[PDB]
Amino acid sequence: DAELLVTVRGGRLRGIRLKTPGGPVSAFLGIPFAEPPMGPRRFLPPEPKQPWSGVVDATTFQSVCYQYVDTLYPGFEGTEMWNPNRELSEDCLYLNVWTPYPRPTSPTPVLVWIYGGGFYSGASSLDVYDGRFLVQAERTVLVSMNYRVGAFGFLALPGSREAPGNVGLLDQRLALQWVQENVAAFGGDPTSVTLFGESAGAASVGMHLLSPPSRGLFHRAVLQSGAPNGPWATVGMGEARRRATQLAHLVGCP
């Protein structure tokens, strides 16, 4: 009750009670960590969310980043479970925190989940990513974030300041920076954050592993069915410029 009101560095939050068969869990869903990457900020690195007045409504997942929605087998569970379950919006840089209900009196290790999706799709809100059972079972704090996908996350004209590539990865790093500064308000221990992610989420984990500015934001890493060195997970500079120029041609841009 008073366990559902929490103040992080940029303002107050109101979370929700999630029930499980083992007992309840405190959840804070849809916390802004970046200013909306919109208009002139499309394709640019994310900027930290500035502070806000009042209490943010953190009781349900915020929007899904704009992505292609798969239509091979319409209405079929094996494909729909990976499709967006919120509205699409470029305004999507929000993260979620699950924490054991009796907020741990001692600092708990924290797991941070990076969803996969080929770098073109995915959302932290999918039912298959619900952190409530992992928290209630192992009494650990769990965080997940959205990050721009497709052209919005990874279109690149290498060398230019206006579309520099990899901003989806930079969304992820910003959320890791948010955990470092704020997870301690939910009972988490910033000195024990474990990254984990599946498929392109796993390749993402690999890259924070190999990027010195990310490597102070986590202590250990879990890679499920993916690696940064796979044939699909990176592209050359010349090839990225070649695909960005073709997208602009197909869309009418001289």
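Note that residue numbering begins at 1 and tracks the sequence as displayed.
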Item to complete: Using only the Cα atoms and their B-factors as the entry lists them, report which of 117-125 and 134-142 averages higher.
Response: 134-142
Worksheet item: Mean C-alpha B-factor higher for 200-208, or for 22-30?
Response: 22-30
Worksheet, complete the sentence: Based on the PDB entry, the highest CA temperature factor among the options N166, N96, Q172, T105 is that of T105
Worksheet item: Considering only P36, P228, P45, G187, which residue's Cα atom bears the greatest B-factor as recorded?
Response: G187
Worksheet entry | Third assignment of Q180 from its chain's C-alpha B-factors | middle
Practice prompt. Pull the Cα B-factor of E162 out of the PDB entry and bin it into the chain's lowest, middle or highest third.
Written response: highest
Fill in: Chain thirds of CA B-factor: placement of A244
middle
Worksheet item: Taking the entry's C-alpha B-factors for this chain, is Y147 in the lowest, middle or highest third?
Response: lowest
Worksheet entry | For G153, the third of its chain into which the C-alpha B factor falls | lowest
